Amino acid sequence: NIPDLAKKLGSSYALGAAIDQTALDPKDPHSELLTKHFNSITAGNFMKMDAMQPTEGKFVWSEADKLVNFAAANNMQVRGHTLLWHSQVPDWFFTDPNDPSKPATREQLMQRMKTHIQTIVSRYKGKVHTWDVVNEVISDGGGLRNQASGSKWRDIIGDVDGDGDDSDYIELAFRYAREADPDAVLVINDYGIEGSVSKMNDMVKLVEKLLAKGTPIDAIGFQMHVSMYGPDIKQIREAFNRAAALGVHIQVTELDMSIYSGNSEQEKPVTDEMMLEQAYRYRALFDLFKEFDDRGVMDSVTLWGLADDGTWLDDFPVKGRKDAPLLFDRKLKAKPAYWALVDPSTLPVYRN
Ligand SMILES: [Ca+2]
């Protein structure tokens, strides 16, 4: 009987949550949490490349089919995460179909990319409105990812057109997607770009170059894996403005707020003081999101989980370290951060 979160924000942008299949089950209390508070859904893992095509030519439709049925039934949008990545992708993509000990060919990988993207996008035309077409293609160390930075796509496919630039595989992923669905919102998704000037420099250069080629990119997705320690609102606002200045929209795709700064701090108990501070920080973030929503350039904001009982941050970057990153706690109770969003007066903005 608490306020419905998405409704209270009164945003142009959709408010989403990442889920597993259990939130599609009516006998599960996570499902009613999703439909009460959110109007958009992303699959955390079940729409990744390895989940959708575990072996070549054998697509798995059951999970995404159930997702789209649930979403239509409950008047919710769906983001498709993700069509291309360098993690959670089957090994068969990058090896020669007849010699598993040798790499796939430019032509073979291009064709595989096209088949994966188009079979999936075509099936879900008009049911999945938005796709993370590529995920995390920029290295944290500078430039586009290659083998040294965990990805095999660019080394195999390379400079297809021979123009001296090798962003071809990314351009192709977008072109293939648009070809399969003229109406879908096509997103390049990444982490770290909200707080790293050097990484955002690369994102800006990449998107500028792709847009100049007529690449159908609609939005830059900011994962927004932040902590209670940073980055500051000013840094984020700056990165958001750089994205919006390119004429594309922004999406916040994987928002969570770790209680730890990195991997050195050992597990710690959650205190009401910590939760209050998290509430101030979430309030500030949602105030920032409103700035861009008022410009009509924020498409969606998605929390990376419904509640603290299902956060990937319990195992990243430290296996077995309990975090508290989301709007609802481990017993599905609304947290101070939730209360700051629906009733900003619950958050005291003065003392004495
Ligand atoms: Ca090229």
Side-chain angles (χ1 to χ4, degrees), residues 49 53 56 80-87 89-97 102-122 131-182 184-193 196-223 239 242-243 245-249 251:
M49 298 183 80
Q53 207 193 345
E56 192 163 22
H81 180 74
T82 174
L83 296 163
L84 189 156
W85 198 21
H86 58 286
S87 183
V89 49
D91 288 340
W92 70 252
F93 266 93
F94 310 106
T95 63
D96 190 307
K102 309 305 177 197
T105 278
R106 159 182 297 173
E107 286 78 15
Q108 289 162 346
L109 192 54
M110 280 177 60
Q111 180 55 66
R112 283 173 166 159
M113 182 173 82
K114 182 174 182 171
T115 298
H116 186 85
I117 288 169
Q118 296 194 330
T119 309
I120 297 172
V121 172
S122 190
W131 299 95
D132 291 326
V133 174
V134 306
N135 200 48
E136 304 175 6
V137 301
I138 300 166
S139 171
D140 295 306
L144 293 186
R145 291 191 184 283
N146 58 12
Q147 186 59 279
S149 50
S151 177
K152 299 165 196 173
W153 294 98
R154 179 160 77 88
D155 285 313
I156 293 174
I157 291 168
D159 182 9
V160 182
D161 68 0
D163 80 337
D165 178 81
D166 66 351
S167 69
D168 305 63
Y169 87 90
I170 297 153
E171 176 181 3
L172 286 171
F174 280 91
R175 291 192 182 275
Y176 295 155
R178 169 62 71 242
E179 195 184 311
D181 189 348
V185 176
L186 307 184
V187 181
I188 172 172
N189 198 42
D190 223 322
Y191 66 92
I193 49 166
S196 169
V197 170
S198 66
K199 199 172 179 179
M200 191 59 190
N201 282 350
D202 282 344
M203 182 60 83
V204 166
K205 287 172 174 174
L206 173 56
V207 172
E208 278 178 332
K209 160 183 57 177
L210 292 173
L211 286 176
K213 273 199 158 56
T215 307
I217 302 171
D218 297 307
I220 292 170
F222 289 83
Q223 293 190 12
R242 293 182 75 193
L246 307 177
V248 305
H249 282 204
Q251 311 199 351

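Quick note: residue numbers are just sequence positions, from 1. All heavy atoms count here, side chains included; hydrogens, waters and symmetry mates do not. When a ligand or atom number is given, it counts from 1 through the structure's own listing order.
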Salt-bridge present (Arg112, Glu56; N to O < 4.0 Å) | yes
salt_bridge(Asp165, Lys213) N-O dist < 4.0 Å = no
Check whether any side-chain N or O of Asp168 sits under 3.5 Å from a backbone N or O of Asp161 as a donor-acceptor pair, and report yes or no.
-> yes
State, to the nearest 10 degrees, the angle whose vertex is the Ca ion (ligand 1) and whose arms point to OD1 of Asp163 and O of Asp165.
-> 80°
Give, rounded to 10 degrees, the angle between OD1 (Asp168) and OD1 (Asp161) as seen from the Ca ion (ligand 1).
-> 130°
By atom name, which N, O or S atom of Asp159 is the nearest to the Ca ion (ligand 1)?
-> OD1
With a cut-off of 3.0 Å, does any N, O or S atom of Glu171 fall short of it relative to the Ca ion (ligand 1)?
-> no
Relative to each other, are the rings of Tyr169 and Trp153 parallel, tilted or perpendicular (30° and 60° limits)?
-> parallel
